[PDB]
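J.: The structure that follows is given in the form of structure tokens.
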Amino acid sequence: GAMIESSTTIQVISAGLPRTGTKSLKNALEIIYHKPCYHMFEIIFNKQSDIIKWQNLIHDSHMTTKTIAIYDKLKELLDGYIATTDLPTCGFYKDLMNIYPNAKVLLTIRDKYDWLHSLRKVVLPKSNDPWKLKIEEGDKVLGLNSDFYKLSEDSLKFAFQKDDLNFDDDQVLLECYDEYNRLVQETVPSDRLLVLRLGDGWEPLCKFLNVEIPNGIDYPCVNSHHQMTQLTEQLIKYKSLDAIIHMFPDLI
Ligand SMILES: Nc1ncnc2c1ncn2[C@@H]1O[C@H](COP(=O)(O)O)[C@@H](OP(=O)(O)O)[C@H]1O
Ligand SMILES: CC(C)NC[C@@H]1CCc2cc(CO)c([N+](=O)[O-])cc2N1
């Protein structure tokens, strides 16, 4: 197909929750558009200064005139990106739809129990889980402090629309997961939505986006809980990111 000059603006809004293939999608979108895609990894590795901006945004977003102030902040944060995935953005998908009226919406989904088990190993271990101590240690090596965890928890609460949330309760999380995914499919016009099951790969995505399947490039498969466990252990061992970054080429 012909090469065309794509606009550097948000073209794709992904509503999928963490641990649903969002980093693979981020990588795939960057392969298609040759511009960056937002993801929690963007905050952790490139823009930790964004953390307080997202926290402020979530704080203001329970609240027209104040709507515009928030929408402007949302635009500032996403400037120069061509897509959004993952926390903290995914909870804002309805607002992003208004701000970027020509952007299409994706929903990444998977088996709810596989999701919960992935989440527990990586994002939200039970507070009695000894692994949680390793996660906290690896996080410190990356320079992630209490404000990062606050942003993580608050943006999940915001996505699930729940003033508080027993994070140690599987049944609660499973119910929020199903309800969240259900509400996305109800809220977004089917013309504007593509639902992607883990493992679907390039074809339905590229069709939806009217682009050619990348030549000879397999659809990304990254950010497994096994890989994140290795990253955590390596961070603990070497006490820096830069010491090991060459060992995780596509992941980061
Ligand atoms: N192309 C692909 N095919 C199958 N699973 C994939 C995949 N890309 C990512 N995943 C899975 O999606 C999860 C990561 O999602 P996210 O990037 O949103 O955190 C991981 O699940 P597991 O932890 O169960 O291995 C990872 O294995
Ligand atoms: C030791 C290091 C690997 N820990 C970082 C971890 C794993 C990556 C990660 C990803 C997300 C969302 O994709 C969130 N989140 O939901 O805020 C938190 C974290 N925290």
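Scheme for the structure tokens: letters A, B, ... for chains in order shown; per-chain residue numbers from 1; ligand numbers from 1 in order shown.
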Could you list, as a ChimeraX atom specification, all protein and nucleic acid residues with an atom at most 6 Å from ligand 2, counting only C-alpha atoms and all ligand atoms?
T.: /A:18,40,86-87,122-123,135,138-139,152,228,231-232
J.: Include C-alpha atoms and write out the residues we just selected as a compact mmCIF listing (two decimals), in the first residue's frame.
T.:
# COMPACT_ATOMS: atom_id res chain seq x y z
CA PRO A 18 -4.04 -3.59 32.78
CA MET A 40 1.84 3.13 32.29
CA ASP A 86 -3.55 1.16 30.07
CA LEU A 87 -3.94 2.97 33.41
CA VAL A 122 2.37 -7.96 38.82
CA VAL A 123 0.18 -4.99 39.72
CA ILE A 135 7.76 -5.66 43.98
CA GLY A 138 12.21 -3.34 42.60
CA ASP A 139 10.00 -0.28 42.39
CA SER A 152 -2.11 3.38 40.43
CA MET A 228 7.98 -9.02 34.91
CA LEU A 231 12.65 -7.89 35.61
CA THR A 232 11.85 -7.41 39.31
J.: With a distance cut-off of 12 Å and only C-alpha atoms, select the neighbouring residues of residue 136 in chain A, excluding the residue or stretch itself and same-chain residues fewer than 3 positions from it, and output the selection as a count of residues only.
T.: 24
J.: Which value, in Å to one decimal, gives the distance between CA of residue 217 in chain A and CA of residue 16 in chain A?
T.: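 For CA of residue 217 in chain A relative to CA of residue 16 in chain A, the distance reads 23.3 Å.
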J.: Where does chain A meet ligand 1 within 7 Å, residue by residue, with the nearest atom pair and distance in Å to one decimal for each, counting only C-alpha atoms and all ligand atoms, listed by chain and rising number, as a Markdown table?
T.:
| residue | atom | partner | partner_atom_place_in_ligand_line | distance |
| --- | --- | --- | --- | --- |
| A:17 | CA | ligand 1 | 18 (O) | 6.6 |
| A:18 | CA | ligand 1 | 18 (O) | 4.2 |
| A:19 | CA | ligand 1 | 19 (O) | 3.3 |
| A:20 | CA | ligand 1 | 18 (O) | 4.1 |
| A:21 | CA | ligand 1 | 15 (O) | 3.4 |
| A:22 | CA | ligand 1 | 18 (O) | 3.5 |
| A:23 | CA | ligand 1 | 17 (O) | 3.7 |
| A:24 | CA | ligand 1 | 8 (N) | 4.9 |
| A:86 | CA | ligand 1 | 18 (O) | 6.6 |
| A:114 | CA | ligand 1 | 24 (O) | 5.9 |
| A:115 | CA | ligand 1 | 24 (O) | 6.5 |
| A:118 | CA | ligand 1 | 23 (O) | 4.2 |
| A:198 | CA | ligand 1 | 4 (C) | 5.1 |
| A:199 | CA | ligand 1 | 3 (N) | 4.0 |
| A:201 | CA | ligand 1 | 1 (N) | 6.3 |
| A:219 | CA | ligand 1 | 1 (N) | 6.0 |
| A:220 | CA | ligand 1 | 1 (N) | 5.3 |
| A:221 | CA | ligand 1 | 1 (N) | 3.8 |
| A:222 | CA | ligand 1 | 9 (C) | 5.0 |
| A:223 | CA | ligand 1 | 14 (C) | 4.8 |
| A:224 | CA | ligand 1 | 25 (O) | 3.4 |
| A:225 | CA | ligand 1 | 23 (O) | 3.7 |
| A:226 | CA | ligand 1 | 25 (O) | 6.5 |
J.: Keeping only N, CA, C and O atoms, take the residues you just selected and write them out as a PDB file, in the first residue's frame.
T.:
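Generated file (result_20.pdb):
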ATOM      1  N   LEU A  17      -8.206  -2.777  30.363  1.00  0.00           N
ATOM      2  CA  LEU A  17      -7.574  -2.724  31.684  1.00  0.00           C
ATOM      3  C   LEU A  17      -6.161  -3.301  31.680  1.00  0.00           C
ATOM      4  O   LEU A  17      -5.793  -4.059  30.774  1.00  0.00           O
ATOM      5  N   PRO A  18      -5.358  -2.962  32.698  1.00  0.00           N
ATOM      6  CA  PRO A  18      -4.036  -3.587  32.779  1.00  0.00           C
ATOM      7  C   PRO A  18      -4.111  -5.118  32.768  1.00  0.00           C
ATOM      8  O   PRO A  18      -5.113  -5.680  33.219  1.00  0.00           O
ATOM      9  N   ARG A  19      -3.081  -5.748  32.195  1.00  0.00           N
ATOM     10  CA  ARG A  19      -2.932  -7.200  32.096  1.00  0.00           C
ATOM     11  C   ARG A  19      -3.876  -7.804  31.055  1.00  0.00           C
ATOM     12  O   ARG A  19      -4.260  -8.976  31.176  1.00  0.00           O
ATOM     13  N   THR A  20      -4.238  -7.017  30.036  1.00  0.00           N
ATOM     14  CA  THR A  20      -5.058  -7.513  28.929  1.00  0.00           C
ATOM     15  C   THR A  20      -4.348  -7.388  27.579  1.00  0.00           C
ATOM     16  O   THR A  20      -4.988  -7.379  26.529  1.00  0.00           O
ATOM     17  N   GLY A  21      -3.024  -7.329  27.604  1.00  0.00           N
ATOM     18  CA  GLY A  21      -2.261  -7.165  26.381  1.00  0.00           C
ATOM     19  C   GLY A  21      -2.015  -5.712  25.990  1.00  0.00           C
ATOM     20  O   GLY A  21      -1.800  -5.415  24.803  1.00  0.00           O
ATOM     21  N   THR A  22      -2.018  -4.805  26.972  1.00  0.00           N
ATOM     22  CA  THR A  22      -1.920  -3.370  26.650  1.00  0.00           C
ATOM     23  C   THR A  22      -0.516  -2.992  26.188  1.00  0.00           C
ATOM     24  O   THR A  22      -0.361  -2.154  25.322  1.00  0.00           O
ATOM     25  N   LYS A  23       0.518  -3.621  26.741  1.00  0.00           N
ATOM     26  CA  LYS A  23       1.874  -3.274  26.306  1.00  0.00           C
ATOM     27  C   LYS A  23       2.141  -3.808  24.897  1.00  0.00           C
ATOM     28  O   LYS A  23       2.782  -3.136  24.098  1.00  0.00           O
ATOM     29  N   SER A  24       1.649  -5.004  24.584  1.00  0.00           N
ATOM     30  CA  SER A  24       1.760  -5.489  23.209  1.00  0.00           C
ATOM     31  C   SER A  24       1.039  -4.551  22.237  1.00  0.00           C
ATOM     32  O   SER A  24       1.528  -4.296  21.139  1.00  0.00           O
ATOM     33  N   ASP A  86      -3.889   1.474  28.680  1.00  0.00           N
ATOM     34  CA  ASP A  86      -3.554   1.163  30.073  1.00  0.00           C
ATOM     35  C   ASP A  86      -3.991   2.247  31.071  1.00  0.00           C
ATOM     36  O   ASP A  86      -4.424   3.328  30.673  1.00  0.00           O
ATOM     37  N   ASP A 114      -7.701 -15.589  34.334  1.00  0.00           N
ATOM     38  CA  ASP A 114      -6.332 -15.343  33.862  1.00  0.00           C
ATOM     39  C   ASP A 114      -5.926 -13.896  34.148  1.00  0.00           C
ATOM     40  O   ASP A 114      -4.788 -13.638  34.523  1.00  0.00           O
ATOM     41  N   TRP A 115      -6.858 -12.964  33.943  1.00  0.00           N
ATOM     42  CA  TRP A 115      -6.609 -11.548  34.242  1.00  0.00           C
ATOM     43  C   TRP A 115      -6.290 -11.321  35.717  1.00  0.00           C
ATOM     44  O   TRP A 115      -5.293 -10.702  36.063  1.00  0.00           O
ATOM     45  N   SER A 118      -2.858 -12.784  36.656  1.00  0.00           N
ATOM     46  CA  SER A 118      -1.819 -11.895  36.132  1.00  0.00           C
ATOM     47  C   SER A 118      -1.705 -10.603  36.960  1.00  0.00           C
ATOM     48  O   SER A 118      -0.607 -10.151  37.277  1.00  0.00           O
ATOM     49  N   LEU A 198      -7.057 -11.315  23.653  1.00  0.00           N
ATOM     50  CA  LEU A 198      -5.646 -11.670  23.667  1.00  0.00           C
ATOM     51  C   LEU A 198      -5.372 -12.734  22.629  1.00  0.00           C
ATOM     52  O   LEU A 198      -6.088 -13.726  22.570  1.00  0.00           O
ATOM     53  N   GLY A 199      -4.353 -12.520  21.804  1.00  0.00           N
ATOM     54  CA  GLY A 199      -3.991 -13.496  20.800  1.00  0.00           C
ATOM     55  C   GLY A 199      -4.586 -13.268  19.415  1.00  0.00           C
ATOM     56  O   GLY A 199      -4.234 -13.974  18.469  1.00  0.00           O
ATOM     57  N   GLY A 201      -3.984 -10.868  17.406  1.00  0.00           N
ATOM     58  CA  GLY A 201      -2.929 -10.411  16.508  1.00  0.00           C
ATOM     59  C   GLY A 201      -3.268  -9.230  15.595  1.00  0.00           C
ATOM     60  O   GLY A 201      -4.191  -8.476  15.867  1.00  0.00           O
ATOM     61  N   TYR A 219       3.102  -9.947  15.515  1.00  0.00           N
ATOM     62  CA  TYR A 219       2.401  -9.124  16.500  1.00  0.00           C
ATOM     63  C   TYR A 219       3.068  -9.289  17.868  1.00  0.00           C
ATOM     64  O   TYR A 219       3.331 -10.417  18.291  1.00  0.00           O
ATOM     65  N   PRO A 220       3.351  -8.169  18.561  1.00  0.00           N
ATOM     66  CA  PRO A 220       4.130  -8.227  19.807  1.00  0.00           C
ATOM     67  C   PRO A 220       3.547  -9.172  20.852  1.00  0.00           C
ATOM     68  O   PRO A 220       2.324  -9.301  21.000  1.00  0.00           O
ATOM     69  N   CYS A 221       4.435  -9.845  21.571  1.00  0.00           N
ATOM     70  CA  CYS A 221       4.022 -10.683  22.676  1.00  0.00           C
ATOM     71  C   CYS A 221       4.936 -10.400  23.869  1.00  0.00           C
ATOM     72  O   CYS A 221       5.961 -11.058  24.043  1.00  0.00           O
ATOM     73  N   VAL A 222       4.580  -9.398  24.668  1.00  0.00           N
ATOM     74  CA  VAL A 222       5.458  -8.930  25.743  1.00  0.00           C
ATOM     75  C   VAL A 222       4.697  -8.722  27.042  1.00  0.00           C
ATOM     76  O   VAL A 222       3.457  -8.717  27.050  1.00  0.00           O
ATOM     77  N   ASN A 223       5.448  -8.570  28.135  1.00  0.00           N
ATOM     78  CA  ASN A 223       4.908  -8.191  29.440  1.00  0.00           C
ATOM     79  C   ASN A 223       4.143  -9.322  30.153  1.00  0.00           C
ATOM     80  O   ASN A 223       3.208  -9.063  30.909  1.00  0.00           O
ATOM     81  N   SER A 224       4.555 -10.572  29.926  1.00  0.00           N
ATOM     82  CA  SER A 224       4.033 -11.703  30.683  1.00  0.00           C
ATOM     83  C   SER A 224       4.431 -11.576  32.157  1.00  0.00           C
ATOM     84  O   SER A 224       5.431 -10.942  32.481  1.00  0.00           O
ATOM     85  N   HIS A 225       3.641 -12.146  33.060  1.00  0.00           N
ATOM     86  CA  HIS A 225       3.995 -12.025  34.472  1.00  0.00           C
ATOM     87  C   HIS A 225       5.351 -12.699  34.742  1.00  0.00           C
ATOM     88  O   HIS A 225       6.091 -12.245  35.606  1.00  0.00           O
ATOM     89  N   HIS A 226       5.677 -13.755  33.995  1.00  0.00           N
ATOM     90  CA  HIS A 226       6.988 -14.410  34.146  1.00  0.00           C
ATOM     91  C   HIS A 226       8.111 -13.425  33.826  1.00  0.00           C
ATOM     92  O   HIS A 226       9.120 -13.375  34.521  1.00  0.00           O
TER      93      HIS A 226
END
J.: Please indicate the distance in Å from CA of residue 174 in chain A to CA of residue 159 in chain A, rounded to one decimal place.
T.: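 Going from CA of residue 174 in chain A over to CA of residue 159 in chain A, I get 13.8 Å.
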J.: Write out as number ranges by chain the residues lying within 12 Å of range 47-60 of chain A, counting only C-alpha atoms and excluding same-chain residues fewer than 6 positions away.
T.: A: 38-41, 66-78, 87-89, 91-92, 142-159, 161, 163
J.: Can you list every residue in range 14-222 of chain A that DSSP puts in helix (DSSP H, G or I), as number ranges by chain?
T.: A: 22-33, 40-45, 48-60, 65-77, 89-99, 112-122, 131-141, 146-159, 170-187, 202-208
J.: So that I can see what lies close to range 99-104 of chain A, please list as a ChimeraX atom specification the residues with an atom at most 10 Å from it, counting only C-alpha atoms and leaving out residues fewer than 4 positions away in the same chain.
T.: /A:9-14,68,71-72,74-75,82-83,93-95,188,191-194,208-209
J.: As number ranges by chain, list the residues of range 100-165 of chain A assigned to strand (DSSP E or B) by DSSP on the backbone atoms of this structure.
T.: A: 104-109
J.: With only C-alpha atoms as the basis for distance, which of A:162, A:197, A:26, A:34 is at the shortest distance from residue 85 in chain A?
T.: A:26
J.: Taking into account only C-alpha atoms, which residue in the set A:126, A:186, A:181, A:195 is nearest to residue 169 in chain A?
T.: A:126
